[PDB]
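Peer 1: My structure is below; once you've seen it, I'll send some questions.
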Amino acid sequence: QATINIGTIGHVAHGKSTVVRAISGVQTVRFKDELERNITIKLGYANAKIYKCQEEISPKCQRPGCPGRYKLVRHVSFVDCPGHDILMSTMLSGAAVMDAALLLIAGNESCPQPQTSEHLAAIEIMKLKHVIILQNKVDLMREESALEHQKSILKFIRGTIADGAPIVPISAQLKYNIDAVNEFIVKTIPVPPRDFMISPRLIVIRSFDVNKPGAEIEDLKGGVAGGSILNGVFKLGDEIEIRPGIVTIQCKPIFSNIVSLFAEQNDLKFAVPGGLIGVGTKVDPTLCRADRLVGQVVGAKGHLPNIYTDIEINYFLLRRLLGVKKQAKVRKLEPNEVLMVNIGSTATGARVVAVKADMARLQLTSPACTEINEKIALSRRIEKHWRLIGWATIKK
Amino acid sequence: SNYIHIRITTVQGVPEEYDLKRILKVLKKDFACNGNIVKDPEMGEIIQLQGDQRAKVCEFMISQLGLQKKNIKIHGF
Amino acid sequence: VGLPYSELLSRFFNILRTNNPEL
RNA sequence: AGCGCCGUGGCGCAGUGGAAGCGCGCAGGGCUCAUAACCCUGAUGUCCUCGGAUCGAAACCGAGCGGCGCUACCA
Ligand SMILES: Nc1nc2c(ncn2[C@@H]2O[C@H](COP(=O)(O)OP(=O)(O)CP(=O)(O)O)[C@@H](O)[C@H]2O)c(=O)[nH]1
Ligand SMILES: [Mg+2]
Ligand SMILES: [Zn+2]
């Protein structure tokens, strides 16, 4: 299974899906007949193999020359997140999901790439600081150009929150210097404390509708969803509730029972948290058909998540705007403006009722559940689409 | 898709983003030729103008909506 | 510090030139 | 990955259940002093392949084949 969640960010027309494919080996489907060429909407998934040889892609090693094979060390999941301006809510959902980061920087293009820096700021928002700078293009640069880009990256990233960022050369086609990537992932990035102590919770980020067409309906599978666990282990034979629930505007909880837990190759009864798992339950597949189970907080029975509409939030904004090559100063919030307030994974633009310099009250059209902290991101409507302006946290 | 060709002369393949009768209106005056909108069932919609004026048809298709000029491969014929 | 990265970049160029002298 | 369409004469259709189907085409000839128009004759093939029923089959069906629309990547 998966122990720690890892994600990759990069600018548009930069190359991350094929990079992870050279890292993991699992094809990124990039489906729906329009996402194949411009951008994606749903999240990409992949699984890496970490068997380290201490005298790699396979559990048995033959390439190094010495017949010695590698032993089991780590098996880490990878959540490909699209770095484009159109979609940000799923980016922030995955950003709250991921624990390790891989940033791409393009040489011959403009060295400050607006989406790379924007998603680096997003990384620094949600307590992510173990980031490895990757030069996604290596063959397409000269040696002097590479040195200039190295110095430019160093001078640009000196005083940010992410200070200790090792640099790695990668490509999407060659498939070389890859063991360095795995080595640095194992070294710089430890698994966050995740054991039996904290109560179990779930965050579902995607909806899978499983109804095999053409086959007789007498035997079909239920509703499976992709979820991440920040605390505790899920075991088979438990009653679970999808808390954001169904709309009967008001919403009401969904109750169900676990049928299976796909864990990275198969169906495992137990699963240490820190990896994306396929929870297949008796839920109606139509509830898993469209973008429905995207950013929903899920509870194991025996806990009572609280449904909220009015939320008191401590929020902070940065000095300047992000995601633009013109730029303007950050302006203090005004009442009666719909601003998207993503609680870790949720996608709901709230109305601002109370305005303070460092505090706010916001009302969600769709009520959402709150358990402990559930870190938040804040986006406004300025550049004809959603633009990050700051970060938010629930305080009640 | 959206391929366009001209065959001695009918124009097969026409974007629908502008109304057809104004296309005919500009066509007849800027070519001085008999103009026909022939809608054959489920072929490329037929716009027929007389004479050998494929350069002038290029001028018109530039001046109406055309901004690509790269998927146009007029067969000589 | 980007010192141990230029070494891997040099190794990458060496491998690319060795395996694909055409490119 | 499924079900529904296409199955070529250079082309779109056309019947599909008596065997070479129309127009567009292209070549030649006719018309006229001449041209366009009009009037005739033509060479184009495996209507993708497998079988079944079938005196008779490209067709009627069925068990594979090349591309199109949806499901929507259907752990
Ligand atoms: N030569 C070369 N081409 C690359 C490299 N990385 C990406 N590309 C090019 O990117 C294109 C698609 O790569 P892909 O990773 O799937 O796109 P993407 O990262 O999902 C786009 P976005 O980041 O906005 O989501 C390919 O055509 C490829 O040639 C690279 O490192 N070297
Ligand atoms: Mg993808
Ligand atoms: Zn190639």
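All residue names refer to the structure tokens as shown: chains lettered A, B, ... in order, residues numbered from 1 in each chain, ligands numbered from 1 in order.
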What residues in chain A have any atom no more than 8 Å from chain C when counting only C-alpha atoms, and can you write them as an NGL selection string?
Peer 2: :A and (138-139 or 150 or 154 or 166-169 or 174 or 176-177)
Peer 1: Would you output that residue set with N, CA and C atoms, as a PDB file, in the first residue's frame?
Peer 2:
```pdb
ATOM      1  N   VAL A 138      16.066  19.261 -19.237  1.00  0.00           N
ATOM      2  CA  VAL A 138      17.515  19.211 -19.120  1.00  0.00           C
ATOM      3  C   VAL A 138      18.192  19.144 -20.483  1.00  0.00           C
ATOM      4  N   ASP A 139      17.724  18.257 -21.366  1.00  0.00           N
ATOM      5  CA  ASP A 139      18.346  18.112 -22.679  1.00  0.00           C
ATOM      6  C   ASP A 139      18.195  19.368 -23.528  1.00  0.00           C
ATOM      7  N   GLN A 150      20.242  27.807 -12.963  1.00  0.00           N
ATOM      8  CA  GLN A 150      20.513  27.413 -11.585  1.00  0.00           C
ATOM      9  C   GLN A 150      20.649  28.637 -10.691  1.00  0.00           C
ATOM     10  N   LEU A 154      18.175  29.869  -7.681  1.00  0.00           N
ATOM     11  CA  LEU A 154      18.714  30.101  -6.346  1.00  0.00           C
ATOM     12  C   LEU A 154      18.392  31.509  -5.855  1.00  0.00           C
ATOM     13  N   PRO A 166      16.301  20.900  -2.210  1.00  0.00           N
ATOM     14  CA  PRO A 166      17.314  20.325  -3.102  1.00  0.00           C
ATOM     15  C   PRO A 166      16.840  20.316  -4.547  1.00  0.00           C
ATOM     16  N   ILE A 167      17.801  20.382  -5.466  1.00  0.00           N
ATOM     17  CA  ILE A 167      17.530  20.512  -6.894  1.00  0.00           C
ATOM     18  C   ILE A 167      17.924  19.209  -7.582  1.00  0.00           C
ATOM     19  N   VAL A 168      17.112  18.782  -8.546  1.00  0.00           N
ATOM     20  CA  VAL A 168      17.291  17.496  -9.223  1.00  0.00           C
ATOM     21  C   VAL A 168      17.029  17.648 -10.719  1.00  0.00           C
ATOM     22  N   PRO A 169      17.886  17.081 -11.587  1.00  0.00           N
ATOM     23  CA  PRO A 169      17.620  17.125 -13.030  1.00  0.00           C
ATOM     24  C   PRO A 169      16.811  15.927 -13.504  1.00  0.00           C
ATOM     25  N   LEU A 174      13.870  10.435 -21.193  1.00  0.00           N
ATOM     26  CA  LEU A 174      15.106   9.663 -21.108  1.00  0.00           C
ATOM     27  C   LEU A 174      15.018   8.531 -20.089  1.00  0.00           C
ATOM     28  N   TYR A 176      16.346   8.554 -16.832  1.00  0.00           N
ATOM     29  CA  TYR A 176      17.655   8.408 -16.213  1.00  0.00           C
ATOM     30  C   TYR A 176      17.791   9.412 -15.079  1.00  0.00           C
ATOM     31  N   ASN A 177      18.754   9.143 -14.193  1.00  0.00           N
ATOM     32  CA  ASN A 177      18.912   9.883 -12.940  1.00  0.00           C
ATOM     33  C   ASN A 177      17.629   9.819 -12.114  1.00  0.00           C
TER      34      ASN A 177
END
```
Peer 1: Which chains and residue numbers are within 7 Å of ligand 2, counting only C-alpha atoms (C1' of nucleotides) and all ligand atoms, if I want them as a list in words?
Peer 2: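 Those residues are residues 17, 28, 29, 30, 40, 42, 43, 44 and 80 of chain A.
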Peer 1: Could you produce a table of the residues of chain D lying within 12 Å of chain B, with the nearest pair of atoms per residue and their separation in Å rounded to one decimal, using only C-alpha atoms (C1' of nucleotides), ordered by chain and increasing residue number, as JSON lines?
Peer 2:
```
{"residue": "D:11", "atom": "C1'", "partner": "B:43", "partner_atom": "CA", "distance": 11.2}
{"residue": "D:12", "atom": "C1'", "partner": "B:43", "partner_atom": "CA", "distance": 7.2}
{"residue": "D:13", "atom": "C1'", "partner": "B:41", "partner_atom": "CA", "distance": 9.7}
{"residue": "D:25", "atom": "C1'", "partner": "B:8", "partner_atom": "CA", "distance": 11.0}
{"residue": "D:26", "atom": "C1'", "partner": "B:77", "partner_atom": "CA", "distance": 11.1}
```
Peer 1: Pull out every residue of chain A sitting within 10 Å of chain D, counting only C-alpha atoms (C1' of nucleotides), and send them as JSON, numbers by chain.
Peer 2: {"A": [29, 30, 31, 32, 33, 208, 209, 210, 211, 212, 213, 214, 215, 221, 222, 223, 224, 225, 226, 260, 261, 262, 263, 266, 267, 277, 278, 279, 280, 285, 289, 290]}
Peer 1: Please, which residues have at least one atom within 8 Å of an atom of ligand 1, using only C-alpha atoms (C1' of nucleotides) and all ligand atoms, listed as a list in words?
Peer 2: residues 9, 10, 11, 12, 13, 14, 15, 16, 17, 18, 19, 28, 37, 38, 39, 40, 81, 82, 83, 84, 136, 137, 138, 139, 140, 170, 171, 172 and 173 of chain A
Peer 1: Skipping near chain neighbours, those fewer than 3 positions away, what residues fall within 9 Å of residue 3 in chain B using only C-alpha atoms (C1' of nucleotides), listed as JSON, numbers by chain?
Peer 2: {"B": [12, 13, 14, 71, 72, 73]}
Peer 1: Just N, CA, C and O atoms for this one: save the residues we selected as a PDB file, in the first residue's frame.
Peer 2:
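As a result, part-v3.pdb now contains:
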```pdb
ATOM      1  N   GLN B  12     -17.043  22.947 -50.382  1.00  0.00           N
ATOM      2  CA  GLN B  12     -17.504  21.925 -49.451  1.00  0.00           C
ATOM      3  C   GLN B  12     -16.782  22.101 -48.119  1.00  0.00           C
ATOM      4  O   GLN B  12     -15.547  22.084 -48.066  1.00  0.00           O
ATOM      5  N   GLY B  13     -17.555  22.280 -47.050  1.00  0.00           N
ATOM      6  CA  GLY B  13     -17.009  22.528 -45.732  1.00  0.00           C
ATOM      7  C   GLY B  13     -17.064  24.000 -45.377  1.00  0.00           C
ATOM      8  O   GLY B  13     -16.204  24.776 -45.802  1.00  0.00           O
ATOM      9  N   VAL B  14     -18.064  24.397 -44.595  1.00  0.00           N
ATOM     10  CA  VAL B  14     -18.279  25.807 -44.272  1.00  0.00           C
ATOM     11  C   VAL B  14     -18.675  25.948 -42.806  1.00  0.00           C
ATOM     12  O   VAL B  14     -19.699  25.392 -42.385  1.00  0.00           O
ATOM     13  N   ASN B  71      -5.716  24.941 -43.438  1.00  0.00           N
ATOM     14  CA  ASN B  71      -6.508  23.761 -43.754  1.00  0.00           C
ATOM     15  C   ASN B  71      -7.226  23.881 -45.090  1.00  0.00           C
ATOM     16  O   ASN B  71      -7.988  22.978 -45.452  1.00  0.00           O
ATOM     17  N   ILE B  72      -7.004  24.965 -45.827  1.00  0.00           N
ATOM     18  CA  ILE B  72      -7.576  25.136 -47.157  1.00  0.00           C
ATOM     19  C   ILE B  72      -6.593  24.554 -48.164  1.00  0.00           C
ATOM     20  O   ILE B  72      -5.484  25.067 -48.334  1.00  0.00           O
ATOM     21  N   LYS B  73      -6.999  23.481 -48.837  1.00  0.00           N
ATOM     22  CA  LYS B  73      -6.208  22.860 -49.898  1.00  0.00           C
ATOM     23  C   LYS B  73      -7.135  22.696 -51.098  1.00  0.00           C
ATOM     24  O   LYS B  73      -7.762  21.648 -51.273  1.00  0.00           O
TER      25      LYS B  73
END
```
Peer 1: Could you give me the residues within range 145-385 of chain A that DSSP places in strand (DSSP E), as a ChimeraX atom specification?
Peer 2: /A:167-169,201-209,223-228,239-247,251-263,266-267,277-281,296-300,306-317,339-343,349-355,360-370,376-381
Peer 1: Could you give me, as a count of residues only, the residues within 10 Å of range 51-60 of chain B, counting only C-alpha atoms (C1' of nucleotides) and dropping anything in the same chain fewer than 2 positions from it?
Peer 2: 25
Peer 1: Please list as a PyMOL selection string every residue within 10 Å of residue 127 in chain A, counting only C-alpha atoms (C1' of nucleotides) and excluding residues in the same chain fewer than 2 positions away.
Peer 2: chain A and resi 95-96+99+122-125+129-130+161-162+375
Peer 1: Let's have the selection written as a CSV table (one decimal), in the first residue's frame, with C-alpha atoms.
Peer 2:
```csv
chain,number,residue,atom,x,y,z
A,95,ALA,CA,-2.6,20.1,-1.9
A,96,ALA,CA,-4.2,19.4,1.5
A,99,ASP,CA,2.5,15.5,2.2
A,122,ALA,CA,-0.1,27.1,-2.2
A,123,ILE,CA,2.4,24.5,-1.0
A,124,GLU,CA,3.8,26.9,1.6
A,125,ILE,CA,0.2,27.7,2.7
A,129,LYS,CA,8.0,22.6,3.2
A,130,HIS,CA,9.9,19.5,2.0
A,161,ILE,CA,9.0,29.6,3.5
A,162,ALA,CA,10.5,26.7,1.5
A,375,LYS,CA,-7.0,24.2,7.0
```
Peer 1: Nearest to residue 24 in chain D among D:62, D:68, D:52, D:9, with distances taken over only C-alpha atoms (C1' of nucleotides): which residue is it?
Peer 2: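 Nearest to residue 24 in chain D: D:9.
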Peer 1: Would you give me, as a list in words, the residues in chain B that DSSP reads as helix (DSSP H, G or I)?
Peer 2: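 Taking chain B and keeping helix (DSSP H, G or I) gives residues 20, 21, 22, 23, 24, 25, 26, 27, 28, 29, 30, 31, 54, 55, 56, 57, 58, 59, 60, 61, 62, 63 and 64 of chain B.
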Peer 1: Now that the selection is made, can you save its residues with C-alpha atoms as a tab-separated table (two decimals), in the first residue's frame?
Peer 2:
```tsv
chain	number	residue	atom	x	y	z
B	20	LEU	CA	-25.44	31.88	-44.91
B	21	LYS	CA	-27.54	34.41	-46.83
B	22	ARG	CA	-25.19	37.29	-45.98
B	23	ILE	CA	-22.32	35.07	-47.15
B	24	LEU	CA	-24.18	34.73	-50.46
B	25	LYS	CA	-24.89	38.48	-50.46
B	26	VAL	CA	-21.20	39.40	-50.19
B	27	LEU	CA	-20.16	36.52	-52.47
B	28	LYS	CA	-22.26	37.43	-55.50
B	29	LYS	CA	-21.22	41.09	-55.49
B	30	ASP	CA	-17.53	40.50	-54.79
B	31	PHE	CA	-17.29	37.76	-57.45
B	54	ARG	CA	-10.15	30.39	-56.76
B	55	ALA	CA	-7.83	33.29	-55.92
B	56	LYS	CA	-10.92	35.46	-55.50
B	57	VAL	CA	-12.51	32.71	-53.38
B	58	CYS	CA	-9.37	32.85	-51.25
B	59	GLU	CA	-9.86	36.61	-50.93
B	60	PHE	CA	-13.50	36.13	-49.89
B	61	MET	CA	-12.78	33.39	-47.36
B	62	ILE	CA	-10.09	35.62	-45.85
B	63	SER	CA	-12.49	38.57	-45.71
B	64	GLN	CA	-15.51	36.70	-44.28
```
